[PDB]
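Okay, here we've got a single chain as structure tokens, the form deposited in one PDB entry, with questions on binding and movement later.
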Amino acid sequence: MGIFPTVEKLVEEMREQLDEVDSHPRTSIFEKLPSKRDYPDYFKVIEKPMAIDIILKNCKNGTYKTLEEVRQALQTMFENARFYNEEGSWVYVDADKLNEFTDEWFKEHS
């Protein structure tokens, strides 16, 4: 297929993972990074920001070529969320539940 269509299909599945309480997509807060001017503290805390739109873009420009680099990118993304957001908050919960889905997705992909 190619790295981009493969990851493009992974994102579509991620976006279909819904929260059990209000059905909001678990990818809601991971779609894009905050605007730095409005959220300067975030970029002082998180040394390596990452978001879904950057992952897709990097699979389209040659930056990411394998699924291992994409899994490492997603892991950094989930690590940043768990680090910045309080444990138990809905962002923290979305990160864990979505990280469990991507872990399973990389195992089933063979």
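Between two forms, the rigid core is defined as the largest C-alpha subset superposing within 1.5 Å. When you see a residue number, it is the position in the sequence shown, counting from 1.
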| property | result |
| --- | --- |
| Segment of greater CA departure in 4 other deposited structures of this protein, 29-37 or 70-78, core superposed | 29-37 |
| Between 62-70 and 24-32 (mean CA B-factor, as deposited), the higher | 62-70 |
| Record-listed C-alpha B factor of residue 57: chain third | lowest |
| Third of the chain, ranked by Cα B-factor, where residue 18 sits | highest |
| Ranked against its chain, the third holding the CA B-factor of residue 79 | middle |
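If you look for the form deposited with a partner chain bound, you will not find it shown, but the lines that follow are about it.
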{"property": "Partner proximity in the deposited bound form: residue 24 to the partner chain, non-hydrogen atom cutoff 4.5 Å", "result": "yes"}
{"property": "Residue 54, heavy atom within 4.5 angstroms of the partner chain in the deposited bound form", "result": "no"}
{"property": "Contact flag, residue 44 vs the partner chain in the deposited bound form, heavy atom cut 4.5 Å", "result": "yes"}
{"property": "Contact test in the deposited bound form: residue 16 vs the partner chain, heavy atoms, 4.5 Å", "result": "no"}
